[PDB]
Every structure is written in structure tokens, then in C-alpha cells.
Amino acid sequence: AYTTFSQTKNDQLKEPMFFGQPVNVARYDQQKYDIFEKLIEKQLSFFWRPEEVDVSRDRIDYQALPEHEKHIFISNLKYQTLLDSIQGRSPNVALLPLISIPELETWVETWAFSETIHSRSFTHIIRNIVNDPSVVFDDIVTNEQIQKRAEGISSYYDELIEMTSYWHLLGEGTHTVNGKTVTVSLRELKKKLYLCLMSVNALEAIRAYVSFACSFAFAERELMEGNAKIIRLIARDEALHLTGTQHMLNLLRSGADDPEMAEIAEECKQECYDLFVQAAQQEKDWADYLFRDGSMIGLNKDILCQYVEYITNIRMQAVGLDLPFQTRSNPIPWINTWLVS
Amino acid sequence: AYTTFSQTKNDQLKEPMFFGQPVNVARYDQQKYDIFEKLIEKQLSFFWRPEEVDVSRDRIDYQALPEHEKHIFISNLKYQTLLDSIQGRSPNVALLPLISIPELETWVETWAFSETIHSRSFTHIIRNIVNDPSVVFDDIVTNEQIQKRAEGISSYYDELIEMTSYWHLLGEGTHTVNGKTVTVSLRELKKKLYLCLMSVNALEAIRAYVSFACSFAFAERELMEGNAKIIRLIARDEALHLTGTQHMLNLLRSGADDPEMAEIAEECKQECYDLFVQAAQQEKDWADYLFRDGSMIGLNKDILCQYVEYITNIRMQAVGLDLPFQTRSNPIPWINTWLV
Ligand SMILES: [Fe+2]
Ligand SMILES: [Fe+2]
Ligand SMILES: [Fe+2]
Ligand SMILES: [Fe+2]
Ligand SMILES: [Hg+2]
Ligand SMILES: [Hg+2]
Ligand SMILES: [Hg+2]
Ligand SMILES: [Hg+2]
Ligand SMILES: [Hg+2]
Ligand SMILES: [Hg+2]
Ligand SMILES: [Hg+2]
Ligand SMILES: [Hg+2]
Ligand SMILES: [Hg+2]
Ligand SMILES: [Hg+2]
Ligand SMILES: [Hg+2]
Ligand SMILES: [Hg+2]
């Protein structure tokens, strides 16, 4: 029920962001919500090439670092590599099949494309600070701790994709597949979408930022400055990605785009609160692990867990969820020097 | 069965290009086929912004243009806009879910992305030469000839996507869905992907270059210089895209990748040939519409057909197919200057 070019003439300004008629013509002269055109323009103006960044002196730095500090650094780099590996492909695979307005379609493709640049940057860093990159890469997939913190990310995406396939194939209704009954509900799919967007928002809004803090702590000590420069470019991209999902979510819950989604958001609002808190919880558990055999000069588990709570409150506030933590001021205002956004 | 991050630690170097274990880690320190890494690097080095190109004079040139020359130019532009609209999303929706090596995955996403830039360049051009671009964009969907010339593109993609979904949901075998039998054969799926690739190769190798010739015809007459700069940047990208599909296809037929693909490429040779022949015939028939209000000096149906046969022969020989047309020299050698 999906087509790469819907032959029906439709007003793209009147379609919902999702589940409407698949986008046929890709035009940018007009838009239902110009936030997406704006984001595309900004992301294109930020285009950068990891290769052009010199990380030459990061090798001696990483080598001179205390063992436990190497752990903190490489562990964080590995998780970041995981995040962008998924973000490079997922928005395309998961969202393109459901988008019904061209600006959002293009935004998603541009967003995903920018994530592949991020992935490319990590290979650039790893290659210049370690002799055998394979060691690093072949420890991301099985790393028990990394799967633990990354828990739930792929699942949300995968269930959305599966429901989407059933929806496009069988359509709305009650069906039979090899003796088993399979119910396909649009309302359920919409919920799956919403939960998935919330999860991606938490990924780019908090998970990425916690890793930035870990990375810039070294930059503060004039260490791993090659990596620092690259992470600064990535955080600038992430600021945009974050804005994109916040708008998607706020537009979906406000009821202007799809009344039914507005209803759905309200009722699973508590589920969303829980998934957000769980994400922050995983970040905390990770922190506890990062500094088990040694804290870092300028960043320890305590300060880091404070930051998680601090940014979590802000992000959740931005998408209409209650604040789970105690309000406080930024525990690490020095981070602002590196977050040009 | 599809996952955005497969938990199995696998040797990405031993996976086949398609249908293997979905890619988990996106690494670029190694590759089974360095050709895709090379294509990514080159495409990234070619990054350009459409709007950055000055198309100010084009409005005047276009307005001053004879009415039938406007039609030729715009009809060509509308088709190009359609191809890039499809090529911006399709490679990602149809191929991404089936790729099993990182370099190819990122290449497809980079390739698809470069297409949205092409699409954006058309909006840039349109919005700058006509008072209301909505009068151009709207007809793209309903224009019968357009739908007739591009006929068959979305079909291949859509059929591949549907079969892929059945595969990821049910896996191989003979299943029962709503009291009906649905067979899911991986071999049959490989055939679909293979013919889909051959078809994209025909689109970017022939359909695109035919449109370039029309655009550049005006360039030689010192008209629409802004459009030509843009078309000259697009063609540069497209040369990488076609190089990319030619390599996917040739690598599959070599047997060096998935053995079954090599056999399938062998069994489907006539289909191969037939779709190139048909795509060529469609380009010719489009001429009858492109020159309804009359042709122009240096660009007519006769020359269009000659070019089509000429370029098709070259493209088909590049992927090991027999040449259907009589041999001939380039009917428009002046295009070589704009193609680089
Ligand atoms: Fe990223
Ligand atoms: Fe991101
Ligand atoms: Fe293109
Ligand atoms: Fe292309
Ligand atoms: Hg999502
Ligand atoms: Hg998700
Ligand atoms: Hg750190
Ligand atoms: Hg941190
Ligand atoms: Hg780090
Ligand atoms: Hg929710
Ligand atoms: Hg295709
Ligand atoms: Hg294809
Ligand atoms: Hg195609
Ligand atoms: Hg032509
Ligand atoms: Hg063939
Ligand atoms: Hg073929």
C-alpha cells in the first residue's frame, strides 16, 4: 500500500505529517510547517568533513592518559559510535515509509545523512588514536554495558517498522497469518510512532549530551582536542536534530496535525514519562560504570548524574512531560563553551 | 526479522552486499568493496548548494524564449524533477532494508541524499523563472506523457518493497494469509532486487543523460546559463551514481559476491536486455511530446532518437549486455564539453 510515487494529485499543504498519502513530488517552494525547511537549510549550511579535522595529536594524549581515563574515553566513544550507527539508517527505514509531506521527508533524509557523517567522524578518530580499529568496533556490538545503556532504542524502531509492514501489506483489520490472528490498528501504529519519536528525542536530547560532557571534560584539560573539535561539530548538528523531533512531537500532541494523535499522546503520556525516566536511569547506571575503577579530573559519577537530571528536566519540559527530578542550575556551566548552540 | 541493530557480532567483510545480516556498526576503516567507500568520498567532495548558484539571468532568457522553446525546456525540467523526486526516497526505502555491508549502506544513503539536493535545485530553478511554480509542480503528477515516459519506475520499486516486507515478516516458505497462499522465495526476491538495480541503472545512465542533452542545447545557444551550471553539477553526481549501480551489477554477476546472484544475473539476461530496450523506446516516444509545438535548431526528435540509441549502446555494453542498436558516432559531440 506504499508507493514511491503516488499518482494522485494532492494538496501537500493539507496532508498530515504522517500516515497521509505518500509524497509524490519533492518541492520546497512551499511547506505546511516551515520548521522542516528551515532545518534542512541549516543542516546543509553546517556540512562538514571529519577528514578535514586534524586529530594527529590525539594519539599521544590518549596514550599518556591514565588507564581508567582511557576507559572512560573509549567507552564513551564506543557508545556514541553505536548511537550514530543506528541514527544513520533508522530515521530513513522507520519514518520515510510513513511521511506524507515533502519537507518532512527531505528533512528526515538530510538528518539521517548527517548522522552518516557523524559515523564517518568516529572512524576518523578511532583510526588516529588506536593501532587496530577492529578492537574498538568489534566491542560495540557485544559490549554488555553498551547494550545495557542502549536498551530500548532499536526495539522501538523495530516494532514501528514491523507494524508499518503489516499495515502497508494487510491494511486496517483483523487477519490470519499461518493460523494465527493478526490485528492491524492504525491507532496502535500511531502510538508506536509516537513512542518511537519520544525515544529518539530522548536519544538526541539526553543520551548524546551526556556523552558530549564526557568528551568535553578532556577538552577542558586541553586533551583529545582533535576529538573535541569533531564532537563540537556533532553537537551543533544534534541541536538541530533535537529541534526537529521536539517540533514533530509537539505538533503531534497539540492536535493541529492529527486530532487522533492528540488523543493518543495524552493517554500514553505516563508511558512516555516512564520511557524518558528510564533513559535517564540507563545513563546514570552507565555513569556508575564509567568511573568504577577511577573517576576523572573534572567529571565524576556524582557530577555526571547531576547533569543527566539537569538536562532531562529541560528536555522533558520541552515535550510537555512532568519534571521527574529536583530543579537545579547547570552543574557544569563550563560545558557551554563547547555547545555553540 | 529486520532490525536497526543486529545483536550478532558478524564479520561484515564476509557478508554479501544484499540479504545478509542487517548492518549493525557503521565502520569505514575497512570494506569488502572499496569502490563504495571511494564513491562516498567523491560524492562528499562534490557537495554543492543549489541556491548558491545564480539563476538571475535565466528568468529573462526564459521569458524572451519562443513559446515552443519554453515548452521544450520546461517539459524536460518537469521530468527531471520527477526522476529526482523518486530517486531521493526510493534507494532508501527499497534498498536500505536489504543491505548487509556498511560501505554500501552509507553509499545508498549518500546517493539518495545527493538526489534531494538535485530536487532542491529544480525548485530553485523553477521558482526563479516562472511566476507560479505550482503550475509546474502540479502537472508533474497528472501529465500523461510524463507518467508514460517514467512509466515503470515506481512499479519496480514498489514491488520490491512489498516482497521485502513479506520476507521480513514471514521469511521463506509457502504461507497462508487471509485464507490465501503467499509464497516467499528469497531467490525470487533476489530476482526482483536484481531487475530493480538494472532498471535504476537504465534511469540514471539513459533517461538522465537524454534530459541533460536537452538542457545543454540551450546552453550552447548561450541561453539558460544558470540552469546549465546546475545541470553541470547534477551530471557530475549522476556519473558517480551510474558508476555505483554498474559496479553493484557487475560485482553480482561476477560470482564474487552471492553465488546465487551470479546465476540469477545469468537467467535474467533477456529481461535485462528487454528493459533497456523498452526504456530506450520510451525516451524516443517522449520526443513526440517534447516537440509537439515544434522543435528547435540543433535539437529535434531525429537527433534525440539518434542520441538515445548511441548512449543506450554504451550503457548496455558497460554491464555486459548485447547492443540492440546500430553502431554510430556521437550525434551531439558538443555535449562532451558540458559532461566533463
Ligand atoms: Fe549524530
Ligand atoms: Fe542526531
Ligand atoms: Fe539526481
Ligand atoms: Fe542519480
Ligand atoms: Hg523513531
Ligand atoms: Hg525509535
Ligand atoms: Hg569523560
Ligand atoms: Hg558525562
Ligand atoms: Hg568521550
Ligand atoms: Hg506516549
Ligand atoms: Hg527499481
Ligand atoms: Hg532499485
Ligand atoms: Hg528504477
Ligand atoms: Hg534531449
Ligand atoms: Hg543481466
Ligand atoms: Hg538483467
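We place every Cβ from the backbone using ideal geometry, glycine too, and count neighbours over all the protein chains shown. Only the coordinates and a few stated rules stand behind these numbers; no lab work does.
For B:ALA208, all conditions in the list (1) surrounded by fewer than 22 Cβ atoms within 10 Å (Cβ to Cβ); (2) under 16 Å from the mean Cα position of the chain (by Cα) hold save one; what is the number of the exception?
Against the list (1) surrounded by fewer than 22 Cβ atoms within 10 Å (Cβ to Cβ); (2) under 16 Å from the mean Cα position of the chain (by Cα), B:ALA208 comes up short only on (1).
Can you find a residue that is surrounded by fewer than 19 Cβ atoms within 10 Å (Cβ to Cβ) and among the polar types (S, T, N, Q) anywhere in region A:160-173?
For region A:160-173, residues surrounded by fewer than 19 Cβ atoms within 10 Å (Cβ to Cβ) and among the polar types (S, T, N, Q): absent.
How about region A:90-109: which of its residues are within 7 Å of chain B (Cβ to nearest Cβ) and in contact with a helix residue (DSSP H, G or I) (Cβ under 6 Å, 6 or more places away or on another chain)?
As a first pass, look at region A:90-109 and keep what is within 7 Å of chain B (Cβ to nearest Cβ): A:90, A:92-93, A:96-97, A:105-106, A:109.
Matches in region A:90-109: A:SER90, A:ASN92, A:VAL93, A:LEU96, A:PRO97, A:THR106, A:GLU109.
With the condition being closer than 19 Å to A:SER215 by Cα and either among the acidic types (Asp, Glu) or more than 16 Å from ligand 6 (Cβ to nearest atom) (or both), I'd like the helices (runs of 4 or more DSSP H) fully within region A:32-100 carrying at least 2 qualifying residues. First the steps, then the outcome.
Values: elements: A:35-45, A:58-64, A:67-90.
Output list reads A:58-64, A:67-90.
Here is a yes/no grid of residues against (1) away from ligand 15 (no atom under 16 Å from the Cβ); (2) in contact (Cβ under 8 Å) with a residue 24 or more places away in the chain; (3) within 30 Å of B:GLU159 (Cα to Cα):
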residue: A:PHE5; (1), (2), (3): yes, no, yes
residue: A:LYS9; (1), (2), (3): yes, no, yes
residue: A:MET17; (1), (2), (3): yes, yes, yes
residue: A:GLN21; (1), (2), (3): yes, yes, yes
residue: A:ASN24; (1), (2), (3): yes, no, yes
residue: A:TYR33; (1), (2), (3): yes, yes, no
residue: A:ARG59; (1), (2), (3): yes, yes, no
residue: A:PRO66; (1), (2), (3): yes, yes, no
residue: A:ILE74; (1), (2), (3): yes, yes, no
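Yes or no, residue by residue, for (1) loosely packed, with under 15 Cβ neighbours inside 10 Å; (2) under 20 Å from B:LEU189 (Cβ atoms):
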{"site": "B:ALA239", "(1), (2)": "no, no"}
{"site": "B:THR243", "(1), (2)": "no, no"}
{"site": "B:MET248", "(1), (2)": "no, yes"}
{"site": "B:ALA256", "(1), (2)": "yes, no"}
{"site": "B:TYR289", "(1), (2)": "no, no"}
{"site": "B:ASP293", "(1), (2)": "yes, no"}
{"site": "B:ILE297", "(1), (2)": "yes, no"}
{"site": "B:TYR307", "(1), (2)": "no, no"}
{"site": "B:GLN317", "(1), (2)": "yes, no"}
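Within region A:121-153, take every residue that is surrounded by fewer than 20 Cβ atoms within 10 Å (Cβ to Cβ) and within 8 Å of chain B (Cβ to nearest Cβ) and give me the one that is nearest to the chain's Cα centre (by Cα).
A:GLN147
Please specify each residue of region B:164-178 satisfying the condition of being without any contact (Cβ under 8 Å) to a residue 12 or more places away in the chain and at the interface with another protein chain (Cβ under 7 Å from one of its Cβ atoms). First the steps, then the outcome.
Filtering region B:164-178 for residues without any contact (Cβ under 8 Å) to a residue 12 or more places away in the chain gives B:165, B:173-178.
Once the filter is applied, which keeps residues that are without any contact (Cβ under 8 Å) to a residue 12 or more places away in the chain and at the interface with another protein chain (Cβ under 7 Å from one of its Cβ atoms), region B:164-178 yields B:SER165, B:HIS175, B:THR176, B:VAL177, B:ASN178.
Need the failing condition index for B:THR8 against (1) farther than 28 Å from B:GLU188 by Cβ; (2) facing another protein chain (nearest Cβ under 8 Å); (3) surrounded by fewer than 23 Cβ atoms within 10 Å (Cβ to Cβ), just the number.
(1)
Condition first: more than 16 Å from ligand 15 (Cβ to nearest atom), among the small types (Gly, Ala, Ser) and within 24 Å of the chain's Cα centre (by Cα). Now tell me which residues in region B:283-329 satisfy that.
B:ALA287, the sole residue that qualifies.
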